[PDB]
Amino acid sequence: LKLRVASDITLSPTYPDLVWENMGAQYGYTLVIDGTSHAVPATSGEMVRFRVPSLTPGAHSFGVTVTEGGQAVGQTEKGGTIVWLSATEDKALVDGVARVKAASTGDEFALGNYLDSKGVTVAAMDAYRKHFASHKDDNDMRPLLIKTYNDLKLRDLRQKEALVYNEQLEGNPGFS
């Protein structure tokens, strides 16, 4: 019940989703962004995912309270910072994504890597997950997915991904 969240994350109207660690299906969450409280349903999925409704462009502080039966049971110790993109920045991000998709057709890694470079860590995570789902053996790039999970503080996912990486190292002829 030591929930942590990303220290810094970029979101935008095109990529509005925030993610944090699922503390257990018994728990709901209250996501607080600059004093506005959002009631987040409990989930049994691999992570908690919440579409942030439109914020004003710029920096916003957020924290998360863990709740059980509507009662606070835990809380982020340090919050994080959301940077919400302006209309102009979001148009550029959207054009960059389009450029990368045109130039590297079907390449989910290239897409994830571009989004990652702009701080759009949840969208980078989605693209990377697609990449590794179809190129499970691309171990050299896997640390970027590991780092993404680590940045979002998705502890279990990070541990699992690290185990995949190690098992793939260990599969090398002669290694173990």
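The first residue of the shown sequence is 1; numbering continues from there.
Higher mean CA temperature factor, per the PDB entry, when comparing 152 to 160 with 15 to 23: 152 to 160.
The mean C-alpha temperature factor is higher for 134 to 142 when 134 to 142 and 29 to 37 are set side by side.
The entry lists a Cα temperature factor for residue 124 that places it in the lowest third of the chain's modelled residues. When the CA B factors of the chain's modelled residues are split into thirds, the value for residue 50 lands in the lowest one. Split the chain's modelled residues into thirds by C-alpha temperature factor. Residue 70 is in the highest one. Compared with the other modelled residues of the chain, the Cα B-factor recorded for residue 81 ranks in the middle third. In this PDB entry, the Cα temperature factor of residue 62 sits in the bottom third of its chain's modelled residues, the lowest group.
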